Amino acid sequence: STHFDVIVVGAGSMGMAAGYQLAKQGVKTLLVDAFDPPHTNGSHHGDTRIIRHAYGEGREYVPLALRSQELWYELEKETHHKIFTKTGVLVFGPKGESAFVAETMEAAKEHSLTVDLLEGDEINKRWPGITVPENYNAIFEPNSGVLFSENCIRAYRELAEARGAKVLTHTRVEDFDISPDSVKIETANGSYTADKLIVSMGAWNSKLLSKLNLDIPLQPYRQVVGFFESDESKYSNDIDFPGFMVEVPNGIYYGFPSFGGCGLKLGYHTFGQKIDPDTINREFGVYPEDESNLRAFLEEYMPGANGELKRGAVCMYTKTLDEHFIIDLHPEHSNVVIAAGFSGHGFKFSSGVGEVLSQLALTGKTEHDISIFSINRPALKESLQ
């Protein structure tokens, strides 16, 4: 017997930020999640996430990245949970052979971002512990860094709940009933109605958007990360070892300095197993590639960080065909907002995305330019049933 102004289905990275933005404005909000966020079944665990401003995936993301950065600094002041450490982020690759490095550089010039350019031995000299070939170049961004993702979601949840948002946990939404002036969700624990709906189910968008008559290629991937015992005199955040995202011959890798001796953390971005979010094996090490793809990079480029494996985590990406996000109104229902396909690089924007989703749900528009995320773009290959 409780109607809400807005219902958010999937209270993870994007949904919880939207919840916070809505509650902050006195909008009566219900957030429904299959688990109890933050948790380890979706796409936000593993402790840390890189935030970069000069953007190799595309200079068009810079404004949202800068706005999200300002929002993370705001969240830091609002909660007791740790949000952001300014490790700086290093990007490198073989000279003239990395579109990612090249666009990162173009993006920095175009938006007058503060960065250092260096190459070859200068990289190895500046950061003891990194060993790249002399034909590599790099762009270092000193003011970007690392977000503590589970902390972000927990903080947004606590702040939203304090302002009246309701969070219904361990409740899987199974179907939707959309009409011109209201929305309704169906779950085993009951059904709920509101004026607006935000759909942000992460990897499960690939299985449940068809319940909203949408047919968009969204492929979930199993992506692991490992924490390794390292030489702390070289890889500690305390001695300014940076976060990094780099391109080598076999693909892109990303990583984090050791924080409080937790060990250097590394992930291989280019490869992952195609999986289903309900049958993915969440145990690290069950595939030999889990650990060997990581050590292959470490022994070659960060040799002092290739010690004993201290911890592993398994998490998921949800890729669109062009690897750009989907943030838009449902093409047939202006009272339904969709947030999907973050393709392994959406967390850093979740604060800004929460803002965009709030604006779309409340007004049908946003002050942000989000055309590159249009649900109607051809490169997406979208359609209705």
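By rigid core we mean the largest C-alpha set that fits within 1.5 Å across both forms. Residue positions are given as counts along the sequence shown, with the first one as 1.
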TODO: Output the stretch, either 332 to 340 or 56 to 64, that has more C-alpha displacement from this form in 5 other deposited structures of this protein following superposition by the rigid core.
DONE: 56 to 64
- [ ] Read off the CA B-factors in the entry, average them over 35 to 43 and over 348 to 356, and name the higher stretch.
- [x] 35 to 43
Task: Between the two ranges 178 to 186 and 311 to 319, the one averaging a larger CA B factor in the entry - done: 178 to 186
Task: Highest recorded Cα temperature factor - choice among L212, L266, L168, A155 - done: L212
- [ ] Quick one: which of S149, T79, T279, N143 shows the highest Cα temperature factor in the PDB entry?
- [x] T279
- [ ] Within this chain's modelled residues, let me know which third the CA B factor of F297 belongs to: lowest, middle or highest.
- [x] middle
Open item on the list: Ranking every modelled residue in this chain by its Cα temperature factor as given in the entry, which third contains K28?
Closed with: highest
Task: CA B-factor placement of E70, once the chain's modelled residues are sorted into thirds - done: lowest
Task: For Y253, the third of its chain into which the C-alpha B factor falls - done: lowest
Open item on the list: Lowest, middle or highest third: which one holds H333 when the chain's residues are ordered by CA B-factor from the entry?
Closed with: highest
